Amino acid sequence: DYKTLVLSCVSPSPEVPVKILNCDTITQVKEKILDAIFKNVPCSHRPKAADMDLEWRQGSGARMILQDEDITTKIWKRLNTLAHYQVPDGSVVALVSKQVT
């Protein structure tokens, strides 16, 4: 499948609606979100996709970390996408920094 959906991204202030594809890997999703939320920051001074995690803030109140590979990936392993996780259009998401230590 190759379809667009919208994610409502929490500001790193109002949420920002960002278009991505349902077939983008989670790393590719994170890249598009960073492009939107840090649009006026030079590339050199933006956080990198690989240093951040995507957090799905469900209507249930659960906050789930989505990534390219986890316990939900089926083994050749296909990289995880929003379609893999069945994320609905309009879902609320945040980017969360990774602990370095």
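Numbering starts at 1 and follows the sequence shown.
Trainee: Can you tell me how many deposited residues have no coordinates between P12 and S13? The categories are none, 1 to 3, 4 to 9, and 10 or more.
Mentor: Going from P12 to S13, the model skips 4 to 9 residues of the deposited sequence.
Trainee: Does the deposited sequence hold unmodelled residues between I75 and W76, and if so, how many: none, 1 to 3, 4 to 9, or 10 or more?
Mentor: According to the record, 1 to 3 deposited residues lack coordinates from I75 to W76.
Trainee: Regarding 43 to 51 and 27 to 35, which shows the higher C-alpha temperature factor on average in the entry?
Mentor: Higher of the two, by average CA B-factor, is 43 to 51.
Trainee: Whose CA atom has the top B-factor in the entry, of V92, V16, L21, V87?
Mentor: Checking the PDB record, the top C-alpha B-factor among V92, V16, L21, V87 is at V16.
Trainee: Relative to the other modelled residues of the same chain, rank the CA B-factor of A83 and answer lowest, middle or highest third.
Mentor: Middle third of the chain for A83's C-alpha B-factor.
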